[PDB]
Structures are given as C-alpha cells and as structure tokens.
Amino acid sequence: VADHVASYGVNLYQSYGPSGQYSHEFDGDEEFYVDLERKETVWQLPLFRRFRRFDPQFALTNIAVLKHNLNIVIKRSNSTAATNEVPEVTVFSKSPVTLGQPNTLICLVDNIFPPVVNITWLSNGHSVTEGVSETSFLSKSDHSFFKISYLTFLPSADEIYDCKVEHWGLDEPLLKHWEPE
Amino acid sequence: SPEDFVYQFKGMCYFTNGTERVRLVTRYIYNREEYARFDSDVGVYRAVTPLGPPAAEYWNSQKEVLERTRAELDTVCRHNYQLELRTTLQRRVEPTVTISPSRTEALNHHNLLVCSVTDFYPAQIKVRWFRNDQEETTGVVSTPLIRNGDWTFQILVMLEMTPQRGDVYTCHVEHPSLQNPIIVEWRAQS
Amino acid sequence: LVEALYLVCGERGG
Ligand SMILES: *[C@@H]1O[C@H](CO)[C@@H](O)[C@H](O)[C@H]1NC(C)=O
C-alpha cells in the first residue's frame, strides 16, 4: 500500500553456472544491472545514464558475500535444492498493429524459478536472432522472477511468430504463437 | 534437470507521501524461502523460519551492524529517493491513443471498439468512453495495466456497441503527462 | 549525488 517500492539491492547468486545478478528496481522496473563479468553498470534509460552513477565494484562485493552465505545455508539445510516452477508465457504487441509499420513483440515469461531460462523467437518456424533483446530477471514478492523478451518486427500478413521458452519446469519447450490477426 | 541452489538478498525501501513515511526491509532468501529479515518498523533482525536463528543471532549480537542497518533507512532509502525525485518521479511519457474495431471472432453478438492507450509512464491513468454526448458506463471492459518492461505501460479498453449511422464515439484519456486530455474519435458507418 | 545500496550481511562462517 506504499506509494513507491524500491529494491536498492536485488542480489542473486546460483550454484548452477555459477551465476548471479545485481540490479536496482523502482516501482517494478529495472533501473540498472551490473555486468558481473565486465564490472560495468548498465542503466536502462538515457535519463539515468545522464544523471546517476553507481559503482559496479559494490555489486561485485555484495555478490561475493552471497556466495559466502549460500554455501553456508546449503549445509544448514542439508542441501535442500530449489523446486522448479512452471513458467507462464504471454505474448503481445507493444503498439497497435498496422501492416508495414515497424513494431515490437513482447514476450513475458512469468513465475520463473529458479532464474535459468532460454527465451528465443521463431519467425515462420525459423530461429530469429536479430532485433531480439531481453530484460534481466525482475523480482516478485513471492521470490520468483519474471523476464521479458523483445523482438522488433515489420508486421506482415506473410509472417507469424512464436516465443520459445525453455525451463527445467517444463516437460518440453513451450511455444506461444502470435500473428497480426 | 540439474539441481540448483539459489540465494537472494533484497534491500527494499517502501515510500508513502514523499518521505513522510519510509519503511526499510532487508530480506535473506534461500531458494524461495525468506529465512531472515530486518524491518525498520521493529528494528532488530528476525529469524522468519527455523533456518534463520544462526543468522539473526549472529547479526543481532553485533552493535555496529544493528546501528549501521538502522541507519540505512537514511543512507540508502531517503538518500536514493533524492535521486529518484529528480529522475524517475519526474519522468513523463505521453500515451499515443488509437481506436480500431473488434475485427471478428464475435465479441458476444455485440461489436466492439478498442481504445488502446500505449507507451505511457507513470502508471496513473484514466480512460473514458463516450457515445455522442453521453459517457459510457456499461459495456466497458479493460485489461489490467500492462508493463512492457521498457519503463512504459499500456492498457486496453473495449466498449460494447452497435454501429449506427450518425453515432459518434470518442476515447478520453487523462494522464499526468498532458495538461489537456487526449481525445480520439471514431464515427460509426464510414 | 551517487547511488547508495544496502550491504548484504554475511552469515557467520565456521
Ligand atoms: C538437517 O539435518 C540436521 C541433522 O540431521 C537436522 O537437525 C535438521 O533439522 C535438518 N534440516 C533439514 C532442513 O533437513
């Protein structure tokens, strides 16, 4: 019931990989994430890169303590492993669809856990890499995550799509079809 | 399917009425269970589950850690808010409004006009349907607020209607980014 | 002027 909710520290660290994530959020959106391998802060808006600065090193130091904590809690819990969840996939357009007019398809993968997923796009049954993009893992009060993938595209009557989601919580790859009706 | 051991730490700030009321909550999670936390409303670390006593106890036994944490309400929450105030909180992106017919698939023996309000921010928004000189209250259905993830929102409001020559429909949209409301019109039969 | 962050507390290692 707060006017605003912020996570000035969404820290994640997994044994699988191993891998982790460091980002800040405000009212459910990602302000930035720290490329852990490159030690570089990646803000999500021009407005942010222009007026704010965050030292990447801080992300690395925190993540290091999380690794320290995880190992200790793995032992304390007798190695209780994470439970896989079933992802909910939803595909929709960013702008009203008008043939010939550049647009962007949005693929939302909800209730993700653990945070390990493969989100790719298909164009008329073929793998599509160009114009594809995605958010980091956004947090959820229930402690699961959600990630959003993007596909810039030219609306065509001769072209259809599918958002392909791969997660251990799925018996097999999931396909959510979409086309300019 | 490999086994995964996940750890999560969340440093969260809750704001109500500017910085009149500010609440700090740090959460330690193992997989999906928050086993320990610190909430500024109480002021001390708490084992939320039997997995946290070793943690809460360790941290509560250290004076500087308790104080330092308590102080984060200011050094972190209130601090960042100031940066949020001249950036996020003043960000304004006007919505583009569009009206288009239902198509087909049957909207329930009753046609449909779709008023799509797209790419706006912040979330606060008001959309209204008019039929000539009267406002439509019934037959209006809206999708929940939709988060695109790129710091923009979208929302769709359909109106159940029967096309009749002469009738005119308009979608009125109110958002904090515009001094005047956006008004789009659709004329039945033409 | 620069962003602040919470420091995750470290569990006691034995
Ligand atoms: C782990 O094992 C120890 C000793 O066998 C026991 O005291 C504790 O309750 C167990 N915890 C879990 C989560 O299995």
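All of the numbers you see were taken from the coordinates with simple rules; none came from a lab. All Cβ positions, even for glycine, are placed from backbone atoms using ideal geometry, and neighbour counts span all protein chains on display.
Please compute, for the alpha-carbon atoms of the protein assembly as shown, the extent along each of the three principal axes and give them in descending order in Å.
That works out to 80, 49, 37 Å along the principal axes.
Check cross-link reach from A:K94 to the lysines: straight Cα distance under 29 Å, and skip same-chain residues fewer than eight apart.
Counting by Cα, and skipping residues close in sequence, A:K94 has these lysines nearby: A:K140, A:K147, A:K164, A:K176, B:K126.
How do B:80-89, B:133-142, B:152-161 rank on mean C-beta neighbours within 10 Å, highest first?
Taking the mean over residues of other Cβ atoms within 10 Å, the ranking is B:152-161, B:80-89, B:133-142.
Taking N as the number of residues in region A:82-181, what is its alpha-carbon radius of gyration divided by 2.2 N^0.38 Å?
Taking N as the residue count of region A:82-181, the ratio is 1.10.
Only four residue types carry charge here, +1 at the Cβ of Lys and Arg and -1 at the Cβ of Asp and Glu. Report the dipole size of the protein assembly as shown about the Cα centre in Debye, rounded to the nearest 20.
1120
For chain A, what is the convex hull volume of the alpha-carbon atoms per residue, in Å³?
158
Would you work out which of A:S77, A:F153, A:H143 lies farthest towards the positive end of the dipole of region A:68-181? Charges go on Cβ: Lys and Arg +1, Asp and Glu -1.
About the Cα centre, the residue reaching furthest to the positive side is A:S77.
Give me the distance between the Cα centres of region B:31-52 and region A:90-120, rounded to whole Å.
Centre-to-centre distance over Cα atoms comes out at 35 Å.
Grab the Cα-Cα distance for A:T90 and A:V132, subtract it from 0.36 nm times how many residues apart they are, and report the gain in nm with one decimal.
That pair, A:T90 and A:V132, stretches by 13.5 nm at full extension.
Taking 8 Å as the Cα distance limit and 6 or more residues as the minimum spacing, I'd like the relative contact order of chain A as a percentage.
With pairs under 8 Å counted, the relative contact order is 16 percent.
What angle, in degrees between 0 and 90 and rounded to the nearest 10, separates the Cα long axis of helix B:63-72 from the longest principal axis of the Cα atoms of chain B?
20
For region B:91-190, give the magnitude of the charge dipole about the Cα centre (Cβ charges: +1 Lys/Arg, -1 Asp/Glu; no others), in debye to the nearest 20.
Using Cβ point charges on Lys, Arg, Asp and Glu, region B:91-190 gives about 120 debye.
For helix A:56-76, report the angle its Cα long axis makes with the longest principal axis of the Cα atoms of chain A; keep it between 0 and 90° and round to the nearest 10°.
70
So if I take the alpha carbon set of chain B, get Rg, then get Rh from the Kirkwood formula, what is the Rg over Rh ratio?
Result: Rg/Rh = 1.19.
Need one word for region B:1-110: rounded, prolate or oblate. Basis is the Cα gyration tensor (sqrt eigenvalues a ≥ b ≥ c); a/c below 1.5 gives rounded, then a/b vs b/c decides.
Note, shape of region B:1-110 comes out oblate.
Unpartnered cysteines of the protein assembly as shown (Cβ-Cβ under 4.7 Å counts as a partner)?
Taking the Cβ cut-off of 4.7 Å, the unpaired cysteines of the protein assembly as shown are C:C9.
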